[PDB]
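A short worksheet on the structure shown next.
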Amino acid sequence: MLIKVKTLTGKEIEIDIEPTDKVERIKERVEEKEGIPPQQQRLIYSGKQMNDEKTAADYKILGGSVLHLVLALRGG
Amino acid sequence: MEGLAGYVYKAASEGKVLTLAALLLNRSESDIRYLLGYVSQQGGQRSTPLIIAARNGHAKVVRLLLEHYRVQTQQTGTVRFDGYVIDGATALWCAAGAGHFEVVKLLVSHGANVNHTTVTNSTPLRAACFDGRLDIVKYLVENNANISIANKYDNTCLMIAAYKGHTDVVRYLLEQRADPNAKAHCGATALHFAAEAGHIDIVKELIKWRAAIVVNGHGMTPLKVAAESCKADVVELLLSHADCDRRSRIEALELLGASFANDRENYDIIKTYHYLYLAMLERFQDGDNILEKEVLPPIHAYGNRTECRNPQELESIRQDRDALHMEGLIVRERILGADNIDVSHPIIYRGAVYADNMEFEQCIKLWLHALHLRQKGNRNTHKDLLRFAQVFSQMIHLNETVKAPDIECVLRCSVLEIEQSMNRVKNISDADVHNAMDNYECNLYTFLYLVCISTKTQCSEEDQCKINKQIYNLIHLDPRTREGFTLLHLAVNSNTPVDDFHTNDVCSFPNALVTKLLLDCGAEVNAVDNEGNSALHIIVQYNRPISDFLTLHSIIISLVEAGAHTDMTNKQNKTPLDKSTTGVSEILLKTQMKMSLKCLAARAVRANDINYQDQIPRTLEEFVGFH
C-alpha cells in the first residue's frame with residue numbers, strides 16, 4: 001500500500017504500510033522519506049490525528065490519499 | 001371605512017369609472033371629503049386618488065370628481081417619476097409631469113393653482129416642459145404660469161427643457177419672455193445644460209435670443225463644455241457669435257479634439273487631429289503677433305511630451321496612434337487645469353484602453369495621476385481603488401512584475417483616502433452613511449487586494465518597508481467595519497467577497513501571507529467584532545481544510561505570534577475550540593494552545609460568578625471579560 005500524503009509544500013511521504021498496520025509505525029516511514037523523525041509529525045487523516053498504535057484500518061483504510069500531517073515540534 | 005378608501009383609491013388609479021361611481025353613491029358629505037383626499041402608499045407614492053388619477057392620465061375619473069364631487073385641486077402628494085421623487089405635487093403638477101394634456105386642461109378649468117410649488121420649488125409648467133409636451137406648456141403659460149420661477153437648484157423651465165431633447169417647448173418658452181441669463185446653483189445657465197446635452201437646434205435658438213454667454217460657478221465657459229463632452233457640431237456653432245475672440249476659439253477647438261482622442265462612445269482618430277490642426281493653425285496666423293499657448297511643464301505620467309508649440313510639431317505625429325491619445329490628455333488637462341470633476345474620465349479611459357491593449361506602465365501612470373487629481377479634488381475614489389486592484393491583479397496574473405513605488409503611491413493614496421473615508425462615515429449623518437459605510441468597506445477590500453498583490457511583488461526592501469509603513473499607519477488609524485471587523489478580521493474571513501473582474505484569479509480569502517504581513521505591521525490580533533469574535537474565532541470557521549490546508553494552518557501559527565490569546569471567549573460565550581467544526585482546525589489550535597493559570601482561574605471565576613468588580617485590578621477585569 002503506497003502512500004501519497006501531501007505536506008506543507010505538497011511533498012510526498014512514503015509510508016508503504018498496509019491498512020492493517022498501526023500509524024505509530026506507519027508514520028515512521030512516511031516521514032522517513034520526508035525528513036521528520038517518527039515521533040514528531042502529528043499526522044492528520046483528513047479530520048483526525050493518530051494516537052497510540054492507531055491502526056490504519058480505523059481511518060477508513062484509505063489507499064494513499066492526502067494525509068496533511070502537522071509539523072508541530074516538541075511532540076516527542 | 002378604511003377598507004373602502006383603498007378600493008376608491010384603486011378605482012381612481014386603475015381608470016375604472018363605473019365601480020368608482022358605485023362606491024361613492026349614497027355617500028354623505030363627510031364620506032365625500034374623507035374618501036377623496038386620503039393618502040395611500042402605492043408604488044412609493046403617497047398620492048391622493050385624484051393625484052394618482054392625474055398621474056395615470058384618467059381624465060374621466062378626474063372630471064367626475066371635479067365637476068360633481070368637488071374634490072380640491074390644492075392637495076399635496078408624493079410621486080415617483082423617472083429617477084426623481086417629487087413630494088407635495090398637486091394633481092396639476094403630476095398631470096403635466098406625466099405629460100397628460102387631457103387632464104391638465106380639466107384641472108385648470110376647475111381652478112387649480114397654476115403657480116403651485118412642490119417641495120423642490122417646482123411649478124407644473126416646469127413639470128410640463130420637463131416631460132416634453134408642447135400642448136401643456138402653451139396652455140399653462142396662457143393660464144398665468146410664471147416661467148421665471150426656478151427650483152431650489154435655481155434651474156428654470158428653459159434650462160430643464162434645454163437639457164432634454166424637446167426643441168418645441170424650447171422655442172415657445174424662449175419667445176414667452178424666459179430669461180436666458182438665469183443661472184443654476186453652480187452658475188450654469190440653459191446653454192450650459194444644452195451644450196452638455198448636445199442639441200444643435202436648442203443652442204441656435206438661444207444665441208439668436210441674445211444668450212450673452214457667461215461662465216458658470218466652476219469658471220467654465222459652456223462653449224468648452226461641448227468641446228469637453230465630444231460635441232463636434234456644437235463647437236462649430238458658437239465660434240461665429242462674433243464675441244468669442246480668438247484665444248477662446250483656440251481653447252474650444254483644442255479641447256474638442258482632445259476629448260475625441262479619449263472617449264469610449266466618441267473614439268475617432270481623424271477628427272482628433274483635425275480639430276487640433278485648425279486650432280494651432282489659427283495660432284500661427286498673425287505671424288509677428290503669435291499667440292503662444294501656456295504650455296505646462298511635461299508630466300512623467302504622460303511620457304515626456306511638451307505639447308505642440310509649432311504647427312509642424314503636430315504634423316510629425318499626424319499618423320501617430322499613441323501620440324494623439326497622449327497629446328490630447330496633456331492639452332485637455334492644460335486647458336481645464338485638472339480641476340474638473342470629469343477631466344479624469346478621458347485619462348481613466350485611456351488607461352483602461354492601455355490595460356485592455358496589454359500596456360501596463362502607461363496605464364498605471366495615467367491611473368495614478370487620475371487618482372491624485374481626484375483625491376486632491378475630494379472625490380469618492382472607491383471605484384478607483386477597485387480598478388487599481390483589478391489592473392494590479394491582472395498584471396500579476398500574467399506573470400509580469402509590478403513596480404512597488406507605483407503600488408506604494410496608490411497605497412499611500414488609499415490610506416489618506418481611507419482616513420477621509422472613515423471621516424466620511426463619521427461626519428456624514430444617517431442619510432447617506434449607509435452608502436458611505438459600503439464605500440469604506442469597499443476601500444478596505446481594495447486595500448486587502450493591493451496588499452495581496454504586494455505579497456507577490458519582488459518586494460525591494462526600501463519600498464517594502466514603505467508599504468509596511470503605510471499599512472502601519474492604516475492600522476494605527478484603527479479601521480473597523482460595521483460588524484466590528486478589522487482588516488485582520490476580513491483577512492481571516494473566507495466570506496469576504498473578492499472582485500471577479502481579473503482579481504479573484506489571484507486574491508483568495510482567507511490569505512495567510514497578508515495576515516502575516518498584518519502581524520509584521522503590528523495589527524491588534526486580540527480585537528473583537530460586534531459578534532465578540534476575534535480573528536481566531538473566524539479563521540476556525542473555514543469549511544475547506546482539505547482543498548487549502550496551508551492557507552488555514554500558516555495563518556493560525558501566524559495568528560499566535562504576538563499575543564493571540566487562544567483561551568479568550570467571545571460575547572456569545574464560545575471558545576474558539578468550541579467554534580471549530582473541523583478536527584484539523586481544532587487540533588491545530590490545540591497544538592498552538594499553551595496553558596496558563598490565569599486562563600483557568602478566570603474561567604473558574606466566570607463560571608461560578610464571583611463578584612470581581614472593584615476588587616481585582618482593571619486589567620484582570622478585562623481578562624475576565626476576555627474569558
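Lettering and numbering for the C-alpha cells are positional, with chains as A, B, ... in the shown order, residues counted from 1 in each chain, and ligands counted from 1 in the shown order.
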
May I have all residues of chain A that DSSP, computed from the backbone, assigns to alpha helix (DSSP H), given as a ChimeraX atom specification? /A:23-32

Write out the residues from the selection above, keeping N, CA and C atoms, as a compact mmCIF listing (two decimals), in the first residue's frame.
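Output (part-v2.txt):
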# COMPACT_ATOMS: atom_id res chain seq x y z
N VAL A 23 -0.40 3.33 12.87
CA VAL A 23 0.14 4.62 12.44
C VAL A 23 1.32 5.02 13.32
N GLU A 24 1.50 4.32 14.45
CA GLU A 24 2.68 4.55 15.28
C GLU A 24 3.95 4.17 14.54
N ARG A 25 3.88 3.15 13.69
CA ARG A 25 5.00 2.76 12.83
C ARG A 25 4.77 3.08 11.36
N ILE A 26 3.52 3.32 10.95
CA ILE A 26 3.25 3.69 9.56
C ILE A 26 3.77 5.10 9.27
N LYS A 27 3.53 6.04 10.19
CA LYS A 27 4.02 7.40 10.01
C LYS A 27 5.54 7.49 10.16
N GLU A 28 6.17 6.46 10.72
CA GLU A 28 7.63 6.45 10.83
C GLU A 28 8.28 6.43 9.45
N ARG A 29 7.77 5.59 8.55
CA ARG A 29 8.34 5.53 7.21
C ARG A 29 7.88 6.70 6.35
N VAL A 30 6.69 7.24 6.62
CA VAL A 30 6.17 8.36 5.83
C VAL A 30 7.08 9.57 5.98
N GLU A 31 7.48 9.88 7.21
CA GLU A 31 8.41 10.97 7.45
C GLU A 31 9.86 10.58 7.18
N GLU A 32 10.14 9.28 7.04
CA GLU A 32 11.49 8.85 6.70
C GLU A 32 11.88 9.32 5.30

So that I can check the surroundings of stretch 518-534 of chain B, please list as number ranges by chain every protein, DNA and RNA residue that reaches within 7 Å of it, counting only C-alpha atoms and ignoring chain neighbours fewer than 4 positions away. B: 468, 471-472, 475, 483-485, 488-489, 514, 538, 559, 564-565, 570-572

Just the residues within 9 Å of residue B:131, please, counting only C-alpha atoms, with nothing from its chain fewer than 4 positions along; format it as a PyMOL selection string. chain B and resi 96-99+126-127+161+164+166

Selection file, N, CA, C and O atoms, as an mmCIF file, in the first residue's frame:
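Result file is part.cif:
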data_model
loop_
_atom_site.group_PDB
_atom_site.id
_atom_site.type_symbol
_atom_site.label_atom_id
_atom_site.label_comp_id
_atom_site.auth_asym_id
_atom_site.auth_seq_id
_atom_site.Cartn_x
_atom_site.Cartn_y
_atom_site.Cartn_z
ATOM 1 N N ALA B 96 -49.193 67.314 -15.633
ATOM 2 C CA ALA B 96 -48.185 67.886 -16.516
ATOM 3 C C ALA B 96 -46.849 67.168 -16.374
ATOM 4 O O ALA B 96 -46.085 67.086 -17.341
ATOM 5 N N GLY B 97 -46.552 66.651 -15.179
ATOM 6 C CA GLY B 97 -45.336 65.874 -15.002
ATOM 7 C C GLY B 97 -45.365 64.566 -15.770
ATOM 8 O O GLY B 97 -44.343 64.129 -16.308
ATOM 9 N N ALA B 98 -46.530 63.923 -15.830
ATOM 10 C CA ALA B 98 -46.706 62.716 -16.627
ATOM 11 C C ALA B 98 -47.042 63.017 -18.082
ATOM 12 O O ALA B 98 -47.201 62.079 -18.870
ATOM 13 N N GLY B 99 -47.149 64.290 -18.450
ATOM 14 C CA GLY B 99 -47.434 64.668 -19.823
ATOM 15 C C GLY B 99 -48.807 64.281 -20.326
ATOM 16 O O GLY B 99 -48.932 63.776 -21.449
ATOM 17 N N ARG B 126 -43.121 73.945 -15.223
ATOM 18 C CA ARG B 126 -41.793 73.341 -15.289
ATOM 19 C C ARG B 126 -41.889 71.832 -15.479
ATOM 20 O O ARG B 126 -41.122 71.245 -16.250
ATOM 21 N N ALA B 127 -42.828 71.186 -14.781
ATOM 22 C CA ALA B 127 -43.050 69.760 -14.989
ATOM 23 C C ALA B 127 -43.615 69.476 -16.376
ATOM 24 O O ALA B 127 -43.399 68.387 -16.919
ATOM 25 N N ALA B 161 -35.660 72.243 -19.936
ATOM 26 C CA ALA B 161 -36.055 71.848 -21.283
ATOM 27 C C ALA B 161 -34.863 71.812 -22.231
ATOM 28 O O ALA B 161 -34.842 71.003 -23.166
ATOM 29 N N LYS B 164 -33.131 68.523 -21.901
ATOM 30 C CA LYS B 164 -33.945 67.499 -22.533
ATOM 31 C C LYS B 164 -33.963 67.687 -24.048
ATOM 32 O O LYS B 164 -33.625 68.751 -24.576
ATOM 33 N N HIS B 166 -36.267 68.251 -26.267
ATOM 34 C CA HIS B 166 -37.576 68.779 -26.655
ATOM 35 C C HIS B 166 -37.385 70.220 -27.118
ATOM 36 O O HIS B 166 -37.399 71.153 -26.311
#

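Of the residues under consideration (B:383, B:397, B:553, B:374), B:553 shows the shortest atom-to-atom contact distance to chain A when counting only C-alpha atoms.
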
Quick one: contact table of chain B to chain A, 8 Å max, nearest atom pair and distance in Å to one decimal per residue, counting only C-alpha atoms, chain and number order, as a Markdown table?
| residue | atom | partner | partner_atom | distance |
| --- | --- | --- | --- | --- |
| B:546 | CA | A:46 | CA | 6.9 |
| B:549 | CA | A:68 | CA | 7.5 |
| B:550 | CA | A:8 | CA | 6.6 |
| B:582 | CA | A:47 | CA | 6.7 |
| B:583 | CA | A:47 | CA | 4.8 |
| B:584 | CA | A:47 | CA | 5.5 |
| B:587 | CA | A:49 | CA | 7.9 |
| B:588 | CA | A:70 | CA | 7.7 |
| B:591 | CA | A:72 | CA | 7.0 |

Write a file of the just-selected residues containing N, CA, C and O atoms, as a PDB file, in the first residue's frame.
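Result file follows (result_32.pdb):
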ATOM      1  N   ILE B 546      -9.313  20.797   3.548  1.00  0.00           N
ATOM      2  CA  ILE B 546      -8.699  19.828   2.647  1.00  0.00           C
ATOM      3  C   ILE B 546      -8.181  20.495   1.381  1.00  0.00           C
ATOM      4  O   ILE B 546      -7.038  20.275   0.979  1.00  0.00           O
ATOM      5  N   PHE B 549      -5.259  23.511   2.941  1.00  0.00           N
ATOM      6  CA  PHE B 549      -4.899  23.352   4.345  1.00  0.00           C
ATOM      7  C   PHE B 549      -3.889  24.404   4.790  1.00  0.00           C
ATOM      8  O   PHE B 549      -3.999  24.941   5.899  1.00  0.00           O
ATOM      9  N   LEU B 550      -2.904  24.707   3.938  1.00  0.00           N
ATOM     10  CA  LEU B 550      -1.837  25.627   4.326  1.00  0.00           C
ATOM     11  C   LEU B 550      -2.378  27.021   4.609  1.00  0.00           C
ATOM     12  O   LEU B 550      -2.005  27.648   5.608  1.00  0.00           O
ATOM     13  N   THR B 582     -14.303  21.339  12.736  1.00  0.00           N
ATOM     14  CA  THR B 582     -13.259  20.745  11.906  1.00  0.00           C
ATOM     15  C   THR B 582     -12.204  20.162  12.829  1.00  0.00           C
ATOM     16  O   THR B 582     -11.650  20.886  13.663  1.00  0.00           O
ATOM     17  N   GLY B 583     -11.931  18.864  12.688  1.00  0.00           N
ATOM     18  CA  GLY B 583     -10.917  18.237  13.521  1.00  0.00           C
ATOM     19  C   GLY B 583      -9.531  18.807  13.287  1.00  0.00           C
ATOM     20  O   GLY B 583      -8.753  18.981  14.229  1.00  0.00           O
ATOM     21  N   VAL B 584      -9.206  19.105  12.027  1.00  0.00           N
ATOM     22  CA  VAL B 584      -7.899  19.669  11.702  1.00  0.00           C
ATOM     23  C   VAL B 584      -7.729  21.036  12.354  1.00  0.00           C
ATOM     24  O   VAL B 584      -6.680  21.338  12.933  1.00  0.00           O
ATOM     25  N   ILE B 587      -7.381  20.636  16.212  1.00  0.00           N
ATOM     26  CA  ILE B 587      -6.104  20.048  16.603  1.00  0.00           C
ATOM     27  C   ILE B 587      -4.961  21.027  16.341  1.00  0.00           C
ATOM     28  O   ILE B 587      -3.989  21.071  17.108  1.00  0.00           O
ATOM     29  N   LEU B 588      -5.066  21.850  15.291  1.00  0.00           N
ATOM     30  CA  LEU B 588      -4.076  22.899  15.077  1.00  0.00           C
ATOM     31  C   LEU B 588      -4.111  23.920  16.205  1.00  0.00           C
ATOM     32  O   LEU B 588      -3.060  24.355  16.692  1.00  0.00           O
ATOM     33  N   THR B 591      -2.487  22.337  19.272  1.00  0.00           N
ATOM     34  CA  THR B 591      -1.033  22.350  19.146  1.00  0.00           C
ATOM     35  C   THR B 591      -0.479  23.749  19.381  1.00  0.00           C
ATOM     36  O   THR B 591       0.577  23.910  20.004  1.00  0.00           O
TER      37      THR B 591
END

Neighbouring residues of residue B:424 were defined as those with any atom within 12 Å, considering only C-alpha atoms; residues of the same chain fewer than 5 positions away were excluded. Please report them as a ChimeraX atom specification. /B:378-380,416-419,429-440

Generate a file of the selected residues that holds N, CA and C atoms, formatted as a PDB file, in the first residue's frame.
ATOM      1  N   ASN B 378     -11.114  65.822  -3.838  1.00  0.00           N
ATOM      2  CA  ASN B 378     -12.043  65.289  -2.839  1.00  0.00           C
ATOM      3  C   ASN B 378     -13.172  64.489  -3.498  1.00  0.00           C
ATOM      4  N   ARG B 379     -12.785  63.389  -4.136  1.00  0.00           N
ATOM      5  CA  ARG B 379     -13.718  62.504  -4.816  1.00  0.00           C
ATOM      6  C   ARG B 379     -13.769  61.149  -4.123  1.00  0.00           C
ATOM      7  N   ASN B 380     -14.931  60.500  -4.212  1.00  0.00           N
ATOM      8  CA  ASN B 380     -15.145  59.182  -3.614  1.00  0.00           C
ATOM      9  C   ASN B 380     -14.470  58.138  -4.498  1.00  0.00           C
ATOM     10  N   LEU B 416      -4.700  57.707   3.041  1.00  0.00           N
ATOM     11  CA  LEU B 416      -5.287  59.033   3.195  1.00  0.00           C
ATOM     12  C   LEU B 416      -6.745  59.030   2.759  1.00  0.00           C
ATOM     13  N   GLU B 417      -7.055  58.307   1.679  1.00  0.00           N
ATOM     14  CA  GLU B 417      -8.445  58.169   1.257  1.00  0.00           C
ATOM     15  C   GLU B 417      -9.270  57.449   2.313  1.00  0.00           C
ATOM     16  N   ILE B 418      -8.732  56.361   2.870  1.00  0.00           N
ATOM     17  CA  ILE B 418      -9.456  55.611   3.891  1.00  0.00           C
ATOM     18  C   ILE B 418      -9.581  56.436   5.167  1.00  0.00           C
ATOM     19  N   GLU B 419      -8.541  57.209   5.502  1.00  0.00           N
ATOM     20  CA  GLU B 419      -8.633  58.123   6.638  1.00  0.00           C
ATOM     21  C   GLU B 419      -9.760  59.126   6.442  1.00  0.00           C
ATOM     22  N   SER B 429     -24.172  62.323   8.388  1.00  0.00           N
ATOM     23  CA  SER B 429     -25.221  61.832   9.272  1.00  0.00           C
ATOM     24  C   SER B 429     -25.853  60.572   8.677  1.00  0.00           C
ATOM     25  N   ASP B 430     -26.903  60.075   9.335  1.00  0.00           N
ATOM     26  CA  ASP B 430     -27.549  58.822   8.946  1.00  0.00           C
ATOM     27  C   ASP B 430     -28.521  59.040   7.782  1.00  0.00           C
ATOM     28  N   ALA B 431     -27.996  59.641   6.716  1.00  0.00           N
ATOM     29  CA  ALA B 431     -28.728  59.815   5.468  1.00  0.00           C
ATOM     30  C   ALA B 431     -28.097  59.043   4.323  1.00  0.00           C
ATOM     31  N   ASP B 432     -26.813  59.276   4.049  1.00  0.00           N
ATOM     32  CA  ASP B 432     -26.066  58.502   3.066  1.00  0.00           C
ATOM     33  C   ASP B 432     -24.890  57.766   3.694  1.00  0.00           C
ATOM     34  N   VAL B 433     -24.873  57.626   5.022  1.00  0.00           N
ATOM     35  CA  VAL B 433     -23.795  56.888   5.671  1.00  0.00           C
ATOM     36  C   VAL B 433     -23.872  55.407   5.322  1.00  0.00           C
ATOM     37  N   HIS B 434     -25.064  54.911   4.972  1.00  0.00           N
ATOM     38  CA  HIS B 434     -25.196  53.519   4.550  1.00  0.00           C
ATOM     39  C   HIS B 434     -24.420  53.259   3.265  1.00  0.00           C
ATOM     40  N   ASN B 435     -24.486  54.188   2.308  1.00  0.00           N
ATOM     41  CA  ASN B 435     -23.644  54.079   1.124  1.00  0.00           C
ATOM     42  C   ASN B 435     -22.201  54.444   1.438  1.00  0.00           C
ATOM     43  N   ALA B 436     -21.990  55.383   2.365  1.00  0.00           N
ATOM     44  CA  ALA B 436     -20.636  55.713   2.792  1.00  0.00           C
ATOM     45  C   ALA B 436     -19.981  54.538   3.506  1.00  0.00           C
ATOM     46  N   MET B 437     -20.748  53.810   4.322  1.00  0.00           N
ATOM     47  CA  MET B 437     -20.190  52.657   5.020  1.00  0.00           C
ATOM     48  C   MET B 437     -19.816  51.558   4.033  1.00  0.00           C
ATOM     49  N   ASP B 438     -20.660  51.338   3.022  1.00  0.00           N
ATOM     50  CA  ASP B 438     -20.340  50.369   1.978  1.00  0.00           C
ATOM     51  C   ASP B 438     -19.123  50.805   1.173  1.00  0.00           C
ATOM     52  N   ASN B 439     -18.998  52.106   0.901  1.00  0.00           N
ATOM     53  CA  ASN B 439     -17.821  52.607   0.197  1.00  0.00           C
ATOM     54  C   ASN B 439     -16.555  52.400   1.021  1.00  0.00           C
ATOM     55  N   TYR B 440     -16.637  52.625   2.333  1.00  0.00           N
ATOM     56  CA  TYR B 440     -15.493  52.382   3.209  1.00  0.00           C
ATOM     57  C   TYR B 440     -15.130  50.900   3.250  1.00  0.00           C
TER      58      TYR B 440
END

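What separates atom CA of residue B:173 from atom CA of residue B:137 is a distance of 8.2 Å.
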